[PDB]
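As written, the chain order gives the labels A, B, C, D, E, F, G, H, I, J, K, L, M, N, O, P and Q, with residue 1 at the start of each chain.
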């Protein structure tokens, strides 16, 4: 079969939100790493 | 003389060069045009080997030693007593081995067989040609070939190995050895399974394809099938010779340090440098 | 942009993505761990000014004749 | 030798393979791996 | 190709039969009591080896993977002879060797019992027995020379270090005639399986791969196989007997090998000098010539014990 | 004592006698099909003389 | 979020997760055990002010 | 919470658990036996005040 | 507890149990036999205060030597 | 084959077990930190 | 496979056997700690 | 396979054999302890 | 130019594109990390004038 | 206890038992023969006080 | 297989043969212990 | 006792027994022939008190 | 197979052969003992 477009919108909304939430905690991880020992 | 079913098969045709002119048998042997060239090269090469023995220090079979020329001669034909005789015998060997493969192709064509046997034998010719033609040419002297002598060529193998301090560390040599050892196991396994279904214990019915399939699956955890085991044996045996050709041609032309220090790349992968 | 999930199976892309991110995260940690500046399990308690730094260009003639270490 | 005197534990190799000094340690000079080559110091707690 | 059949109910009367061929259970991969014990004993052998290797890099899991092919579990020191050694100096080695040896023998029993249950000839366990024979000479030759230090270290590159040093110690193994014979059968095994594999694939169009049918009811595929080799090289096997040639060439590889190892250090200590005695060694012109003073000056010492002190040279 | 004779030489000739015995055995097995040979001068067995043709019995399903 | 378990069979997910966590935890413990500072089986009693520290900058 | 055993065959989970714990117990005992501080077969009778510690002796 | 034998075939379990006990007992006896303190075949007649203590050093013996004299 | 009812039910345990695991790991880290800090 | 009550019976043994084993291991660590503390 | 009452019977021997084996092992350890203690 | 996506399937190409870019990016980072000039994990805090430079021609 | 012979064919058990005892006896004899104290072929005629004994506690 | 009374009969020989062999080994250890005791 | 011959084919038992005794006898003769005290082909004519004896305890 | 009467007959020779072999071995050992005792 396949993915129906209203399911694809629901899935995309989660997938984009999850991706950005991961990037946000990785941003804080780099904020902490930089203030402990900057690499430039 | 002929096998009791043979005469039926002895038709003309399937030759490559000679047409009907050489398309005949001599005892069991098929001749053909490459039979004629085979015997020419075999006879010339053998008599020059016997001449090399005669001008050498002894007739002891193990000690006869027809050596290649000094490296100073480069890719020229040296004086015959100085190793030019080895160079003529090497041309005769190539002529014989090539003629043998083409003669096999004529025999397979006459019987309606596939060309698998000539091409499989090509794997051995490749390894020989690598040792006496390709690697010496890349190193720039025919003097890098191995000497023709039953033990003196083992002295050559010994000294070539130690030119790289610890030849076991050659990565292509490790693969080639693994093919040789796996081939011998596979041959023992296949030979045993066919014999043990066709020769069951006394007072037992002759076995079946299903029994050897069941047992083989218990041995390896998968069923290979009747054609699959012959594909595997051909792959292992010929792959061994091809990886052998690779392992020697990289030693000298491409790598010149000890083989242990080749592994320095693995120790320096950036995940753990 | 959501139509990408009609083009690819949304079930399988997730497995491919998590597998990629896990391998990349491990690779970066092990690259850092093998370094000197960021061998944090041994030297993480050092302040940033006293953490190791890689070698530098001599910024000079690179020629001035040496003097022995004082006995 | 008539008799055997043990080296200090810091001079005892962890790796008993006889050729390791030529086959690996000539080329390997990673700091962590170099430290692992010998046993670390070890002292009875009352002597600290 | 690319028209595979797929069989939903059980072939043997993809999928597989659960059933019996008399005493033989079909379905699961057969272990029986000997197979289970073999895996238990062999697992403990593998664990002892790996844990010793991992301990030798100080438990560092990065170095354990990075250095893996150089890691060894190493045999005891020479001066212990056959006595029990310290646990860290070869005691774990002998323990892993024991459990590995038991595990191998239990696997042989497992194979032997399965062949009999399937009502098959005993050819496969006697072929495997030839391999086990060679393996056991890596125990019996160290025993015959009187020291477990001479055993093979467990380790990828370390066991190759041993293989080279064994040939060095005993004066070049190329001149061991049973090593030379073992190589002839090893190469012959590759010659035969190349020839046979190519032969059967060359007649597979005619049903030649159905070898048991071709043995019991000779078809044209068998006849063409026999005539190819008869016409090529003047003699031929049969569809059955080519498997006997195969069987013996494989078996003789490890059998002649094992005899060569057992003779080494017990009967002959320098195979090159045995080669000189028996006329194997080709002569070369001398590369150097010693004077009588140099013959005394250039003799060394046999290698002794390592220095157990760190001398000061205070002068 | 015997100087030139040694155990490795003894073992090797024991192997040679076994090995030639094995080649003879294998060549007998090789002749269970296609023999005796036809020839213009009549039938021929070569050497060694072949083992006889071999009859196989199959598991009875009746 | 529970609809995610409709898309992935938890029989498969938990086996993969438990396998990953066990391997990761073992790797981390052994990385620590082989370090100087955290070789706790030999040196766990030392007390933090006299546990090892990796060498500060060569420029010191 | 028991429905985990409807999801997995307990006949397999128990074998996996028993095998995992057996191997883990063997690894931990081997690691300790390989140490100096816990080489208990050779040194188990030492009191804790004179058992080894992974530190260098002061002032040599 | 008896229903364990309804989940697992006792005929299979007993072979694994006997195998586990066999390897475990053999490991422990070989470990002790290789120890200094408990090498009972050589030193079993020593009294408890005469037996080795603390002999945990990894290289207690020379690694490198000739074989013992052949006769 | 999960129903949505079973998926909802299972998720509650999965969240709870994850939270229990994270809590124990958090105590374990603070014990380790107070014994031998890594920064 | 199992019925739901048959799983519920097994879970009782499985949980109690786990916690029993953890209790025995707890005393083993109490004895090991009393003999030779690792911190 | 095996019936429940048949499993009950077998279990009684397994318990008895395990107890008898642990008893012999306990005497073996206390002999070994009296000969050469390991703590 | 969008007619090119009537010839080539987006499904095939976008996988091949992501694969090629990921491999190329990774190759370049490891090439730079192995250099002296750009071994940025060790030396990233050095100023541009302080960073290594390969040997010039002596011309004499 | 006799019902154990309904689970295991005594025909098979007896062969396995005899094989196990043969291997065990060989191992124990070989371990003793390669010892110093019990190398009875070379030294069996020594009295019990003349037989070798392993080293006492070092460093007394 | 075996009937139970056939298993019963075998078990008698099996127990007696085992105990007989253990008795002979006990005497071999008495002789060995007298010649060269190991504790 | 005779019923053991119903449990096992006497043909296979006698081959097994002859094989076992042949191997065992050959092993024991080679062990003795390898020893010092019992290398009877070379030293068989020595009197009992002139035959080799292995090393005793280190009394000095 | 074999009859129990055949087994009883065969056992008599097998025991007699075993006894004769043990006797010959016992003389061989006592001869060896007299020539060169091992204890």
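Worth a mention:
To be clear about the criterion, contacts are C-beta pairs under 8 Å (C-beta built on N, C-alpha and C of every residue); 3 or more make two chains touch, one makes a residue touch a chain.
The UniProt protein names, listed by chain, are A, J, K, L, O, Q = Light-harvesting protein B:885 subunit beta; B = Reaction center protein L chain; C, G, H, I, M, N, P = Antenna complex alpha/beta subunit domain-containing protein.
Among the remaining chains, those touching chain A as well as chain C are M. Legend note: the chain whose CA centroid lies nearest the centroid of all displayed protein CA atoms is E.
This structure's chain pair with the greatest number of C-beta contacts is B-E. Spacing of chain E relative to chain M, judged by their CA centroids, is 47 angstrom. Put simply, the C-alpha centre of chain K and that of chain N have 38 angstrom between them.
Averaged C-alpha coordinates give centres for chain E and chain F that are 28 Å from one another.
Looking at chain I, one finds that residues 1, 10, 20, 31, 33, 35-39, 41-42, 45, 51-53, 55, 58-64 touch two or more other chains. Shown for chain K are the residues that touch two or more other chains, namely 35, 37, 39.
The set of chain A residues touching two or more other chains comprises 36, 38-39.
Of all residues in chain H, those touching chain I in their complex are 10-11, 14, 22, 33, 36, 39, 41-43, 45-46, 52. The part of chain A that touches chain M in the complex is made up of residues 38-40.
Chain contact summary for the complex, chain F toward chain B: residues 34-39, 44, 46, 56-60. Interface residues of chain E, counted against chain D in their complex, comprise 55-58, 60, 62-63, 66-67, 70-72, 74, 89, 153, 155, 157-158, 161, 304-305, 308-309. Across the complex, chain M is touched by residues 7-8, 31-32, 35-38, 52-57, 59 of chain C.
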